[PDB]
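# Notes for the structure review
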Amino acid sequence: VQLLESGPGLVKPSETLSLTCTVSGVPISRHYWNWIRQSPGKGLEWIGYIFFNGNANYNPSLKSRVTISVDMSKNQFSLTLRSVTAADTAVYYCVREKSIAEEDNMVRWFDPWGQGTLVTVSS
Amino acid sequence: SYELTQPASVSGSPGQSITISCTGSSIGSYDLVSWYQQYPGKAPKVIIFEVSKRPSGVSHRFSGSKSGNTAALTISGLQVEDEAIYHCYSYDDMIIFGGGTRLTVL
Amino acid sequence: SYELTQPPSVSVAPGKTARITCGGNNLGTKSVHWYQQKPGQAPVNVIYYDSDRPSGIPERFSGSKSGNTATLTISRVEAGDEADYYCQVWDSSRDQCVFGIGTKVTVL
Amino acid sequence: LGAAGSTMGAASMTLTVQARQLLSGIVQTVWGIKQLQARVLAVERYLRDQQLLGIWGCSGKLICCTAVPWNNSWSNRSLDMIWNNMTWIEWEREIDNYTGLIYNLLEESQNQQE
Amino acid sequence: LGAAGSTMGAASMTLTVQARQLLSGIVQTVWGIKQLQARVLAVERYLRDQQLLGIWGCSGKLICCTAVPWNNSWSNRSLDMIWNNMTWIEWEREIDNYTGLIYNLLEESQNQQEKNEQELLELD
Amino acid sequence: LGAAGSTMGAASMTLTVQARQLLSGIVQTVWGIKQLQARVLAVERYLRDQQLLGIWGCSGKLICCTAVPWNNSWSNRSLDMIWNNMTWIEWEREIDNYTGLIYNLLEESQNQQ
Amino acid sequence: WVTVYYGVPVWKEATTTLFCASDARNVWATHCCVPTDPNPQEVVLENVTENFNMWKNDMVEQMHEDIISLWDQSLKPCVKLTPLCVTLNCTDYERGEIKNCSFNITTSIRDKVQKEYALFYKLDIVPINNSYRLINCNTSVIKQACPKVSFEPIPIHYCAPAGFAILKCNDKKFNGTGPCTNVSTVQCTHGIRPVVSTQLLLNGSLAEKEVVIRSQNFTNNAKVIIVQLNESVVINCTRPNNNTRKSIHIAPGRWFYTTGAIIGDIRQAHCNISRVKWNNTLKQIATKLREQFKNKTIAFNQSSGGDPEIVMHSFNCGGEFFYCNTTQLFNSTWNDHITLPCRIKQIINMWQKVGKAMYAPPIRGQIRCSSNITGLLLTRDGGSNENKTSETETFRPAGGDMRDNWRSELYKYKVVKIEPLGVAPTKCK
Amino acid sequence: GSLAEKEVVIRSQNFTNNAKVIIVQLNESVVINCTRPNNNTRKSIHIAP
Amino acid sequence: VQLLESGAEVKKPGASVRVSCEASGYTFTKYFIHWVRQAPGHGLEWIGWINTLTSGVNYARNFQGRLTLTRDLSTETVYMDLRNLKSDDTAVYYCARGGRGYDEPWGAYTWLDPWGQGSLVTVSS
Ligand SMILES: *[C@@H]1O[C@H](CO)[C@@H](O[C@@H]2O[C@H](CO)[C@@H](O[C@@H]3O[C@H](CO[C@H]4O[C@H](CO)[C@@H](O)[C@H](O)[C@@H]4O)[C@@H](O)[C@H](O[C@H]4O[C@H](CO)[C@@H](O)[C@H](O)[C@@H]4O)[C@@H]3O)[C@H](O)[C@H]2NC(C)=O)[C@H](O)[C@H]1NC(C)=O
Ligand SMILES: *[C@@H]1O[C@H](CO)[C@@H](O[C@@H]2O[C@H](CO)[C@@H](O[C@@H]3O[C@H](CO[C@H]4O[C@H](CO)[C@@H](O)[C@H](O)[C@@H]4O)[C@@H](O)[C@H](O[C@H]4O[C@H](CO)[C@@H](O)[C@H](O)[C@@H]4O)[C@@H]3O)[C@H](O)[C@H]2NC(C)=O)[C@H](O)[C@H]1NC(C)=O
Ligand SMILES: *[C@@H]1O[C@H](CO)[C@@H](O[C@@H]2O[C@H](CO)[C@@H](O[C@@H]3O[C@H](CO)[C@@H](O)[C@H](O)[C@@H]3O)[C@H](O)[C@H]2NC(C)=O)[C@H](O)[C@H]1NC(C)=O
Ligand SMILES: *[C@@H]1O[C@H](CO)[C@@H](O[C@@H]2O[C@H](CO)[C@@H](O[C@@H]3O[C@H](CO)[C@@H](O)[C@H](O)[C@@H]3O)[C@H](O)[C@H]2NC(C)=O)[C@H](O)[C@H]1NC(C)=O
Ligand SMILES: *[C@@H]1O[C@H](CO)[C@@H](O[C@@H]2O[C@H](CO)[C@@H](O[C@@H]3O[C@H](CO)[C@@H](O)[C@H](O)[C@@H]3O)[C@H](O)[C@H]2NC(C)=O)[C@H](O)[C@H]1NC(C)=O
Ligand SMILES: *[C@@H]1O[C@H](CO)[C@@H](O[C@@H]2O[C@H](CO)[C@@H](O[C@@H]3O[C@H](CO)[C@@H](O)[C@H](O)[C@@H]3O)[C@H](O)[C@H]2NC(C)=O)[C@H](O)[C@H]1NC(C)=O
Ligand SMILES: *[C@@H]1O[C@H](CO)[C@@H](O[C@@H]2O[C@H](CO)[C@@H](O[C@@H]3O[C@H](CO)[C@@H](O)[C@H](O)[C@@H]3O)[C@H](O)[C@H]2NC(C)=O)[C@H](O)[C@H]1NC(C)=O
Ligand SMILES: *[C@@H]1O[C@H](CO)[C@@H](O[C@@H]2O[C@H](CO)[C@@H](O[C@@H]3O[C@H](CO)[C@@H](O)[C@H](O)[C@@H]3O)[C@H](O)[C@H]2NC(C)=O)[C@H](O)[C@H]1NC(C)=O
Ligand SMILES: *[C@@H]1O[C@H](CO)[C@@H](O[C@@H]2O[C@H](CO)[C@@H](O[C@@H]3O[C@H](CO)[C@@H](O)[C@H](O)[C@@H]3O)[C@H](O)[C@H]2NC(C)=O)[C@H](O)[C@H]1NC(C)=O
Ligand SMILES: *[C@@H]1O[C@H](CO)[C@@H](O[C@@H]2O[C@H](CO)[C@@H](O)[C@H](O)[C@H]2NC(C)=O)[C@H](O)[C@H]1NC(C)=O
Ligand SMILES: *[C@@H]1O[C@H](CO)[C@@H](O[C@@H]2O[C@H](CO)[C@@H](O)[C@H](O)[C@H]2NC(C)=O)[C@H](O)[C@H]1NC(C)=O
Ligand SMILES: *[C@@H]1O[C@H](CO)[C@@H](O[C@@H]2O[C@H](CO)[C@@H](O)[C@H](O)[C@H]2NC(C)=O)[C@H](O)[C@H]1NC(C)=O
Ligand SMILES: *[C@@H]1O[C@H](CO)[C@@H](O[C@@H]2O[C@H](CO)[C@@H](O)[C@H](O)[C@H]2NC(C)=O)[C@H](O)[C@H]1NC(C)=O
Ligand SMILES: *[C@@H]1O[C@H](CO)[C@@H](O)[C@H](O)[C@H]1NC(C)=O
Ligand SMILES: *[C@@H]1O[C@H](CO)[C@@H](O)[C@H](O)[C@H]1NC(C)=O
Ligand SMILES: *[C@@H]1O[C@H](CO)[C@@H](O)[C@H](O)[C@H]1NC(C)=O
Ligand SMILES: *[C@@H]1O[C@H](CO)[C@@H](O)[C@H](O)[C@H]1NC(C)=O
Ligand SMILES: *[C@@H]1O[C@H](CO)[C@@H](O)[C@H](O)[C@H]1NC(C)=O
Ligand SMILES: *[C@@H]1O[C@H](CO)[C@@H](O)[C@H](O)[C@H]1NC(C)=O
Ligand SMILES: *[C@@H]1O[C@H](CO)[C@@H](O)[C@H](O)[C@H]1NC(C)=O
Ligand SMILES: *[C@@H]1O[C@H](CO)[C@@H](O)[C@H](O)[C@H]1NC(C)=O
Ligand SMILES: *[C@@H]1O[C@H](CO)[C@@H](O)[C@H](O)[C@H]1NC(C)=O
C-alpha cells in the first residue's frame, strides 16, 4: 500500500541523481509507476511513468536524460536523472498510477502519493 | 469384519421406523460408509452410495447417516418386503464388509 | 500540450464555501481531478470526477465540471483546510500528466 | 497474453498492442480432415468477433462507447474497485452471468433505438 | 422477416429491424465433409456481400448514397409506382438483367472515381 | 487481369477494377477434398489482407493515405517516372527489397504512434 | 455506462486440437508434423494463479489418440500374415527358446503347396504330438510392419492453434494438482519422446531438485504412483544373437520376413544396470515414500499381475521387442554389474486393441541400445492391517496404461482459449 | 408419420396418369398390434478371425 | 448391465478351481472387477480385484501365492484361479464392477452394482 522514498538527499552539481522507492504491499506489477517532483515554492511537475513491461513516457524537459528502472524481485523502482543543475532541487515523490479505461486515457490522480524526499543539489 | 460391528439382528412392526448401524471407527480416513442389502438366495445390492446417496430404484425409506464414528442406516416406514440382511461397506486401504444385521418384520 | 489555469488564491470566512476554479480548452470534456496539499505534506486527492470523492475525504468536498471550467467546491471550509488546491488532467495527445498552477485557499 | 495479473485499468493501457491479431495466415486421411477443420474454425472465430463488433457499431475501435447506461444490479463495486483493484479475469467472472443480457442491450441501443 | 408482401417503401422502414445478420451460430466421415462444406460456403457468402459493399464505398450502412444516376433503360416507372405500388420481390425481377451493369457502375463512380478524387485532395 | 501492362497512373483505374473478390466466385471423396482445401485457403488469404489493411489504418480504401513519407533509398526515381512510365509489375519488382520495412513503418506511423 | 473492450487479457479453460511439431523413412513425418519454433520464448504471467491438474488432462488424451492413429495408418497398407495361420511342425533352434518350425503354405502364390520353414521364439507358439499354432493365429489379424517404416521416438512438441495458448507450471515440487504460482505462457510444449514402456519409464525429463512422487490420492491404492527422478540411470540392453533374414514369398505380390538362420551360438538377451546407481536411487525414492506414509517401512516387491507386458519390463530397442526380468531389481526393504535376463517376442498386442496384432521382422542381431531410466510406475497394495501386521508398505511395478507414460510429461501443461472481448462500467456517453 | 388436419386427403402428380402413385393421407391413425410369440435363443458361431 | 458367474463346483481338499465371470452391457475395460466371497457364518470377505485393462491386480494377504486373477479382453471375461483349496474355503464366490469409470478419484470403490448371482464352491473330503 505505502510507498517510501529514499536517496542520497544531497548530490553535487554535475552528479547524476538516483532515487530508489520501495513498495510495501501490493507487488509492483499490479499498477503503473510514476515520479513527480516539486521544486520548493512550486506546484507539481510530472516526470514520467513506467510499468512492469516497457510501456513508459517522460516529460520532454527531462526526457533526454530520464529513465526509471524496475526491480521486480525486490518490488523497487529507481528514478535516474542525468542532469547537471541545481534547478533539479526538488521534493521527489513516488506515486502509483491508477486509471479508468476510457477514451483519452483518463488517468486518475495518483492516490498512493508517497511521502516525498527532498533532494538538494549543492557543492 | 474389523470395526464394522453390526448387531446380529433388528426387528419392528410394519410402518415402524428402525435403525441398523455398525458405527465402525475407521471411517474418517476414507470418510465413507456405503450400504448393501441382500435377500436370501440372492446377490447383495447397493442401497446407499457414498454417504446417504440414494440411487435410482431405491426407496426413499432408506436413508443413512455418518458422523464421527457413526455409520447407520434408517429405514422409515418399514415394509415386510424390506426383510433382508444389511451390511456396512468401508475401506481402510482395502474393502471391509460388516458381518451384517438381520432385519425381520413383525 | 494542454493548459490548466487556476487563480493564485481565493479567500473565505470559516464556515463558508470556497470555489476553486481551473480552466482549459474543453476542460469539461476531460476527466478533471483535484487534490489538497498542506504545506510540508504530500498532497491527497480530494475529488477524481464530477461529484466523485475518494474515501477518506469528508463531505465538505464536492466539485463539478462544465464547458471549459472545472470547480472544486469546499463547503463549510475549516481552518484545517487552509491549503493549496490543484487541478489535474491527462493529456492523451502527449500521453502526459498536466497539472494546474495551484490556488491558495485562505480561511479567515 | 501479457500482464494479466495487473488491474484492469493498468492492463488497458496496452490494450492497443495486446491486440496483436495473432491469427493464422497472417502469422504464416484423418489428419487432413482435422487440420482443415481447425483452419475453418479459426476463421469462424475471427469473424464472429468482428461481426459482433459490427453489430454494436464498434467495428474499427479498440475501445467502444455504448448507448447503454451501466446497470448497477450487475455489481455493487465502485469504479475504483472495478478498475484499480480487480483484474480482467476477476471482473469478467463477476459479471459472466449478465453477458447475454449486456450483449442484447448493446444491440438494441446502438441500432434499434439509436 | 414477414414484410416481403409489403411495398418496397413499407419494408424498407424495417431494414434495421430485419438486419438480423444470422451469422452467429448456436451449439458452439462423409457427413463431416458435407457439413464442413456447408460451413465454409456460408462464410464465403458472407464475405462476398461485405466485399461488394466495400468496393462500392458502403460503410455497412443499410442504405448507401450513390454517385450513379438512374436511367430509363433500366426502368422509366415513376417513383410512387416503384416504391408504393410494388413489393421488393417484384422489383428485383423487373430490373434483374441490369444487376451486373449497375453493380459495375456503382463501383466506378462511387468508389473508384471518388477515391481518385480523394487522392487529389491529399496531394493538395 | 486487365491492363497490367500500363503505367501505374493509368492503372489507378485498373487498380480498383480488379479489386473484386477474385479470391471468390461461383463454380456452380478426393477431388472434393482438394477443392475444399483450396477454398478455405482462398478465404484465409482474403482475410489476411483485410486484416493487414486494418492494422495499417486502411479500411474500405482502395487508395489509402499513409503516415509514412517515402524513403528515397527505396528506388526514388521521380513521381512522373513511375506514375507515367513504369507498370505495377516493374515497380513492385524494384520495391520488393523493402517490403518488410515498409509494412513495419506503416503500422507504427499510422496507428501505433 | 457499459464500455466494450477488445484485446482483453483473459482466458478460459478450453479444449482444441493440438498439432505435431518436430525439428522438420520415419512415421513422425511432415505430412502430420511441422517445423519447430527455434525461439519459443516463455512469457511469465507475473502474479497470476492457475489451477493445474495432470489427471483428467485432455492433452494426455490427445497424445494417446494420435499415437494410436499414427500406428494404425502406418500398419494399414502392410502385409497380412493370415496365410500363415496353419499348424506348425516344430522342434528346436536357455534350451528350446527358439524353434525351427516347418509348415505347408497351401495357397501362397500359384496354388501349389510350398513347404517352408522359419525360426520362431517359443513365446509366439501355442501347443495343439509336436503340433503348434501361432500365439494370435485366430481371433485377430497379425500384420507385418513395413520394412521401410521406422518408429523412432523423435521428441515431439505439441503446439496450440491460433486463438489458443498453453499455460505451463514452473513451480518446483508441483504435486500434480492445485494452484501454481509461477505460470508462464508458451506457444508449444517441450519435446516429448513418444516412448512406450511398461513398469519403468524411459528417456523422459528429470525432476529439478529431488525425486518427486505424484498421485491423484495416496490413500487410494487403486491409483498409480508416478515417480520422477532428478537423476537418470543409464542401462544398456542387447540382443546378441547374430542371424540372417529369410524372405518368404507369401502374398501374391508381397513378402514375409523371418529369421532364416542363426550365426554363431545362442545367448540370452540381457540388460546391464549399475548396482550402485540402482540401490542409491531406491534409497531416494524410499525416503520420499517414508515421508508420504509417515515412517512405515518401504518395501519393494515383484509384480503380481497377469499381463506378460507388465510382469516383465517392456520396451522396444530398434525393432526388437524386449521383455526383461526385473524381479531382481524390485527386491529390498528400506526403513532406518546387474544383468537382467530378457526375452524377445515377434507378435505384439499393441495398445490392448482387440482384433489387432503386429509382427516384428528380425534386424540381424547384435543390437545394443543405451537408454535413460527417468522414472517408475508403481502401486501400493497393502491394507486392513493396523492390528494385524507390522508397519510396512509394499510397492510393486505397475503399468500397461500408455496414458500414464504420457501423463508423466504433460503434468505441467494446460490448454486455454483466449477471450479478447469484455465489458466494464465507465462514465462515457 | 403425420396426419391430415381435417379429413382424408388424396394427392397425386396427375390423376389420369395411372402410372402414378397416389398418396393417401389419413386424419386419424390406426393402431396395429404385431407380434412374434415364437420364443428363441441365439447361437454364436466363430465365422472368421 | 449383467454379470454372470459360472456354475457351482465341488472339490476335495488340496484342490484347485477355475471360476469364470462374463460381462455384458458395458465396456469391460471401463471398470475394475472385484471378487468377494460369502462364507457361511462370516458375512462377506473381500478377496481381490483386477484392473481389466492392464490386468493389474490386488490380492488380500491370505490369498497371496494361491490366487490368480486374469482376464481375456476378447470375450470380456474375468477368471478366478484358486489353488490349495481347503474345506475352510467353502463360500459363494461373487464378481462385481468396482466403483465408477476408471477415470475418477475413487473410481475403484463404492459401487459393486452388478453383482453376479454367485457361484458356490464347496470343498469337502
Ligand atoms: C497439492 O498441494 C495443494 C496445496 O498447495 C493442495 O491444495 C488443496 O488441498 C485441499 C485438501 O483438503 C483441497 O480440498 C478441500 O476439501 C475441503 C473438504 O472439506 C469438507 O468435505 C470433506 C469431504 O469431502 C469432509 O470430510 C470435511 O469435514 C468438510 O465437510 C473443502 O472444504 C475445501 O474448501 C474450503 O477451503 C479452501 C481453501 O483451502 C477455500 O478456497 C474454499 O472456498 C473452502 O472454504 C477444499 O476444497 C483443495 O481443493 C486444494 N486446492 C485446489 C485449488 O485444488 C492439493 O490438494 C495437493 N494435491 C495433492 C495430490 O496432494
Ligand atoms: C392443385 O390445384 C391447382 C389450382 O389451385 C391446379 O393448378 C392448375 O393446373 C392447370 C393444369 O396444369 C393449369 O392450366 C394451364 O393454364 C395455362 C394458361 O394459363 C394462363 O391463362 C389462363 C386463362 O384462363 C389464366 O388463368 C392463367 O393465370 C394464365 O395467365 C395453359 O397454357 C397450360 O397448358 C395448355 O397450353 C399449352 C400451350 O403451349 C399446351 O402445350 C398445353 O398442352 C395446354 O393446352 C395449362 O392449361 C393452371 O394454370 C393451374 N393453376 C394455377 C393457379 O397455377 C393443380 O393442377 C392441382 N393439382 C392437382 C394434382 O390436382
Ligand atoms: C502499350 O504502349 C503503347 C505505346 O506507349 C501505348 O499506346 C499509346 O501511348 C500513348 C502514351 O505514350 C497514349 O497517350 C496519348 O498519345 C497521343 C499520341 O497521338 C497524344 O496525342 C495524347 O495526348 C496522349 O499523350 C495513347 O493513348 C496510347 N494509344 C492507345 C491506342 O492506347 C498503349 O496504351 C500501351 N498499352 C497499355 C495497356 O497501356
Ligand atoms: C502476488 O504476489 C504476492 C507476493 O508474493 C502473493 O501474496 C503472498 O502470499 C503468501 C502465501 O502464499 C503470503 O505469505 C504468508 O501469509 C500468511 C498469512 O498472512 C502469513 O502467516 C505467513 O507468515 C506468510 O507471510 C504473503 O504474505 C503474501 N504477500 C502479499 C503482499 O499479499 C500473491 O498471492 C500473488 N498473487 C498472484 C495472483 O499470483
Ligand atoms: C553401458 O552402461 C555402462 C554403465 O552401466 C556404461 O559404463 C561407462 O560409461 C562411461 C561413459 O560412456 C564410460 O566412460 C569412459 O571411460 C573411459 C575409461 O578409459 C574414458 O577414457 C572415457 O573418456 C569415458 O570417461 C565407461 O567406459 C563405461 N564403463 C564403466 C567404467 O562403467 C557404458 O558406457 C555403457 N555402454 C554403452 C555406451 O552401451
Ligand atoms: C531412447 O530409447 C532408445 C531405445 O529405443 C535408445 O537407443 C537408440 O536406438 C536407435 C534405434 O532405434 C539407435 O540408432 C540406430 O543405430 C544403428 C547402429 O548400427 C543404425 O544401423 C540404425 O540405422 C539406427 O541409426 C541409437 O543409436 C540408440 N541410441 C543409443 C545411445 O544407443 C536411445 O538412446 C534413448 N535415448 C534418447 C535420448 O533417445
Ligand atoms: C513379496 O511378498 C511375498 C508375499 O507376502 C513375501 O513372501 C512371504 O514371506 C513371509 C516371510 O518370509 C512368509 O511368512 C512365513 O513363512 C514361513 C515359512 O513358510 C511360515 O512358517 C510362517 O508361519 C509365515 O507364513 C510368507 O508365507 C511368504 N508368502 C508367500 C505367498 O510366499 C516375499 O518375501 C516379499 N518379497 C519382498 C522383496 O518383499
Ligand atoms: C540421458 O540424459 C542426459 C541429459 O540429462 C544426456 O546427456 C547428453 O550428454 C552429451 C555429452 O555426452 C551432450 O552433448 C554436448 O552438448 C554440448 C552443449 O553445450 C555441446 O557443446 C557438445 O558439443 C555436445 O553436443 C548432450 O547435450 C546431453 N543431452 C542433453 C539433453 O542435455 C544423455 O545422453 C542421455 N542418455 C541416454 C542413454 O539417453
Ligand atoms: C393430367 O394431364 C392431362 C393431360 O395433360 C390433363 O388433361 C386436361 O383435362 C382437362 C379436363 O378434362 C381438359 O380440359 C377440357 O378438354 C376438352 C376436350 O374435349 C376441351 O373441349 C375443353 O375446352 C377443355 O380444354 C384439358 O384440355 C386436358 N389437357 C391438356 C394438355 O392438358 C389433366 O387435367 C392432368 N391432371 C392433373 C391432376 O394434373
Ligand atoms: C438490470 O437488469 C435486470 C434484468 O432486466 C433488472 O432486474 C429486475 O427487473 C424487474 C423488473 O423487470 C424488477 O422488478 C426486479 O426487482 C429487478 N431485480 C434487481 C436485482 O434489480 C434490474 O433492475 C436492472 N437494474 C438496473 C440498475 O437497471
Ligand atoms: C531508409 O531507411 C533505411 C533504414 O533505416 C536508412 O538506411 C540505414 O542507415 C543505417 C545508418 O544510419 C545503416 O546502418 C542501415 O544498414 C541502413 N539500412 C538500409 C536498408 O539501407 C536509409 O538512410 C533511409 N533513406 C532515406 C532516404 O530516408
Ligand atoms: C537428486 O536428489 C537427491 C536428494 O536426496 C540428491 O542426493 C543428496 O541427498 C543428501 C541427503 O540425503 C543431501 O545432503 C545432498 O546435498 C544431496 N546431493 C545433491 C547433489 O543434491 C541427489 O544428488 C540429486 N541428484 C542430482 C543429479 O541432482
Ligand atoms: C377424419 O376425417 C373424416 C373424413 O375423412 C371425418 O368424417 C366425418 O364423419 C361424420 C359422420 O360421423 C360426417 O357427418 C362428416 O361430414 C365427416 N367429415 C368429413 C370431412 O368428411 C372425421 O370426423 C375426421 N376425424 C376427426 C377427429 O376430425
Ligand atoms: C448489493 O448488496 C446487497 C446487500 O447489502 C445485496 O442484497 C445485493 O444483491 C447486492 N447487489 C449486487 C449487484 O451485488
Ligand atoms: C443507361 O446507362 C448505360 C451505361 O452507361 C448506357 O449504355 C445506356 O445507354 C443508358 N440508357 C439511358 C436510357 O440513358
Ligand atoms: C431477366 O431475365 C428474366 C428471364 O427472361 C426476366 O423474367 C426478367 O424480367 C429479366 N429482367 C430484365 C430487366 O429484363
Ligand atoms: C534485394 O536486392 C537484390 C539485388 O541487389 C535481389 O537479388 C533480391 O532478390 C532483393 N530482395 C527482395 C526481397 O526483393
Ligand atoms: C514333421 O513331419 C515329419 C514327417 O511326417 C515327422 O517325422 C516329424 O516327427 C514331424 N515333426 C514335428 C515337430 O511335428
Ligand atoms: C530345420 O531347418 C532346415 C533348414 O536348415 C529345414 O529344411 C527343416 O525343415 C527345419 N525343420 C523344422 C522342424 O522346421
Ligand atoms: C505337407 O502336406 C503333406 C501331405 O499331407 C505332409 O505329408 C507333409 O508332412 C506336410 N508338410 C508340412 C511341413 O506340414
Ligand atoms: C548397495 O549400496 C552399497 C553401499 O555401500 C554399495 O556398495 C552396493 O554396490 C549397492 N548395490 C548392490 C546391488 O549391492
Ligand atoms: C530397521 O533398520 C535397521 C538398520 O538398517 C535394521 O537393523 C532393522 O532390522 C530394520 N528393521 C526393519 C523393521 O526392517
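Anything mentioned here points back to the structure above.
Residues numbered from 1 in each chain as written, not as in the entry; some residues may be left out. Chains lettered and ligands numbered in written order. Part of a larger assembly, values for the part shown. Heavy atoms only, no water.

With that settled, the discussion passes to the overall build of chain H. A tally of regular secondary structure across chain H gives zero helices and two strands. Expressed as lengths along the three principal axes of its C-alpha atoms, the size of chain H is roughly 55 × 25 × 20 Å. Looking at chain H residue by residue over its 49 residues, the buried ones come to 4%. Put simply, 13% of the contacts in chain H that link residues at least 6 apart link residues at least 24 apart. (Helix = DSSP H or I, 4+ residues; strand = E, 2+ residues; numbered from the N terminus. Buried < 20%, exposed > 50% of the residue type's maximum accessible area, 1.4 Å probe, protein only. Contact = heavy atoms within 4.5 Å.)

So, about the overall build of chain B. Looking only at helices and strands, chain B features zero helices and nine strands. Seen in sequence order, chain B has helices and strands lined up from the N terminus as β-β-β-β-β-β-β-β-β. In terms of overall dimensions, chain B is globule-like: its C-alpha atoms have a radius of gyration of 13 Å, near the 13 Å expected for 106 residues. Along the three orthogonal principal directions, the C-alpha set of chain B runs to about 35 × 25 × 25 Å. (Rg over C-alpha atoms; globule rule 2.2 N^0.38 Å.)

Turning our eyes to something else, we now look at the packing of helix 3 (residues 30-56) of chain D against helix 1 (residues 58-75) of chain G. For the pair helix 3 of chain D and helix 1 of chain G, the least separation of the axes is 11 Å and the interaxial angle reads 140°. The angle between helix 3 of chain D and helix 1 of chain G falls in the class oblique. Every residue of helix 1 of chain G that contacts helix 3 of chain D at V30, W31 and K34 of chain D is listed here: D66, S69, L70 and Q73 of chain G. Across the contact of helix 3 of chain D with helix 1 of chain G, the residue classes tally to three nonpolar, two polar and two charged. (Axes fitted to C-alpha atoms, helices over the stretch in contact; angles between N-to-C directions. Parallel < 35°, antiparallel > 145°, perpendicular 65-115°, else oblique. Nonpolar A, V, L, I, M, F, W, Y, C, P; charged D, E, K, R; others polar.)

Moving on, we come to a nonpolar patch on the surface. A contiguous nonpolar patch, built from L3, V8, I10, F15, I22, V24, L26, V30 and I32 of chain H and spanning about 870 Å² of accessible area, is present on the exposed surface. Relative to the helices and strands, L3 of chain H resides in the segment before strand 1 (9-11). (Patch = residues over 30% accessible without salt bridge, like charges linked within 9 Å, V, L, I, M, F, W, Y side chains within 5 Å. Areas by Shrake-Rupley, 256 points an atom, 1.4 Å probe, with all protein chains shown as cover. Salt bridge = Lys/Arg side-chain N within 4 Å of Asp/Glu carboxyl O.)

Applying the stated criterion across every chain, the model contains 16 disulfides over all chains. A disulfide bridge connects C58 of chain E with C64 of chain E, and the sulfur atoms are separated by 2.0 Å. Between the sulfur of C85 of chain G and that of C137 of chain G lies a disulfide, 2.0 Å long from S to S. When the S-S torsion is 125°, as for the bridge of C85 of chain G with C137 of chain G, the disulfide is right-handed. For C65 of chain F, which is in no disulfide, the shortest distance to another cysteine sulfur is to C64 of chain F and amounts to 7.0 Å. Given a relative accessible area of 42%, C65 of chain F falls into the partly exposed group. (Disulfide = S-S within 2.5 Å.)

Residue and element names in this part refer to chain G. Pairing between strand 12 (residues 141-144) and strand 29 (residues 356-359): four bridges, direction parallel. Bridging across to strand 29, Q144 finds its partner in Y359. Here strand 28 (residues 347-348) pairs with strand 29 via two bridges, running antiparallel. By the bridge assignment for strand 29, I348 is matched with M358. (Pairing = 2+ DSSP bridges.)

All names here are of chain H. Inspection of the region around ligand 13 gives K6, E7, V8, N27 and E28 as its neighbouring residues. In the model, an oxygen atom of ligand 13 is placed 3.4 Å from a nitrogen or oxygen of the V8 main chain. Within the side chain of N27, one N or O atom sits 2.4 Å away from an oxygen atom of ligand 13. Relative to its unbound accessible area of 600 Å², ligand 13 is 27% covered by the protein chains. (Near = heavy atom within 4 Å. Polar contact = N/O pair within 3.5 Å; in protein donor to acceptor, adjacent residues only side chain to side chain.)

This part takes up the sheet that holds strand 9 (residues 91-98) of chain I. All names here are of chain I. Spatially, 2-10-9-4-5-6 is the arrangement adopted by the six strands of the open sheet, whose pairing is mixed. Only two strands of the sheet have a single partner each, and these edge strands are strand 2 (9-11) and strand 6 (57-59). The average angle at which neighbouring strand axes cross in this sheet is 25°, direction not considered. Bridge analysis of strand 4 (residues 32-39) against strand 5 (residues 43-50) gives seven bridges, and the strand direction is antiparallel.

Attention shifts here to the interface of chain D and chain G. Counting from both sides, the interface comprises 47 residues of chain D and, opposite them, 38 residues of chain G. Buried area between chain D and chain G, both sides added, is near 3700 Å², and the carbon and sulfur share of it is 71%. Contact with chain G buries area across many residues of chain D, yet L1, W31 and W88 of chain D alone supply 20% of it, more than any other trio. For the interface between chain D and chain G, the tally reads two salt bridges. At the boundary of chain D with chain G, the tally comes to eleven residue pairs in polar contact. (Buried area = accessible area lost by both parts, 1.4 Å probe.)

The next point concerns the site of ligand 7. In the vicinity of ligand 7, the contacting residues are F300, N301, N331 and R396 of chain G together with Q64 and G65 of chain I. Surrounding ligand 7 is a set of residues that belongs to chains G and I. Within the side chain of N301 of chain G, one N or O atom sits 2.5 Å away from an oxygen atom of ligand 7. Look at ligand 7: alone it shows 780 Å² of surface, and the protein chains cover 25% of it. Looking at the shell around ligand 7 residue by residue, the class counts come to one nonpolar, four polar and one charged.

Grouped together as the largest cluster of nonpolar side chains are 54 residues, with contacts concentrated most on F97 of chain B together with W35, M80, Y109 and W115 of chain I. Per-element accounting of this core gives the leading share, six residues, to strand 9 of chain I. When neighbours within four sequence positions are excluded, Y109 of chain I is seen to be in contact with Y30, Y89, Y91 and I95 of chain B, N220, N221 and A222 of chain G together with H34, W49 and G99 of chain I. In terms of nonpolar packing, the next biggest core, distinct from the first, is built from 42 residues, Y121, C237, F330 and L340 of chain G among them. (Core = buried A, V, L, I, M, F, W, Y, C linked by side-chain atoms within 4.5 Å.)

Moving on, we get to unusual backbone geometry. Despite not being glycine, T23 of chain B shows a phi value in the positive range, around 35°. Positionally, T23 of chain B belongs in the loop between strand 2 (18-21) and strand 3 (34-38). Classification of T23 of chain B by relative accessible area gives partly exposed; the value is 37%. The backbone of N47 of chain G shows a phi angle near 55°, a positive value even though the residue is not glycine. For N47 of chain G, the position within the fold is in the loop between strand 5 (43-44) and strand 6 (50-53). Looking at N47 of chain G, the relative accessible area reads 37%, which means it is partly exposed.

Moving on: the packing of helix 2 (residues 30-55) of chain E against helix 2 (residues 30-55) of chain F. The geometry of helix 2 of chain E relative to helix 2 of chain F is characterised by a closest axis approach of 11 Å and an angle of 35° between their N-to-C directions. In this structure, helix 2 of chain E meets helix 2 of chain F at a crossing whose hand is left-handed. Facing helix 2 of chain E, whose interface residues are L36, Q37, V40, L41, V43, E44, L47 and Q51 of chain E, helix 2 of chain F presents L36, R39, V40, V43, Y46 and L47 of chain F. The class makeup of the residues in the contact of helix 2 of chain E with helix 2 of chain F is ten nonpolar, two polar and two charged. (Left-handed = near helix turned anticlockwise from the far one by under 90°.)

Take the sheet that holds strand 29 of chain G next. The sheet built from three strands is open, its strands ordered 12-29-28 (chain G) with mixed pairing. Where the open sheet ends on each side, the last strands, each with one partner, are strand 12 and strand 28 of chain G.

All names here are of chain E. Within the secondary structure, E94 is located in helix 4 (residues 88-94). For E94, a relative accessible area of 30% corresponds to the partly exposed category. A sequence separation of ten residues divides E94 from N104, and the C-alpha atoms of the two residues are 18 Å apart. The contacts of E94, once residues within four sequence positions are left out, are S75, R77 and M86.

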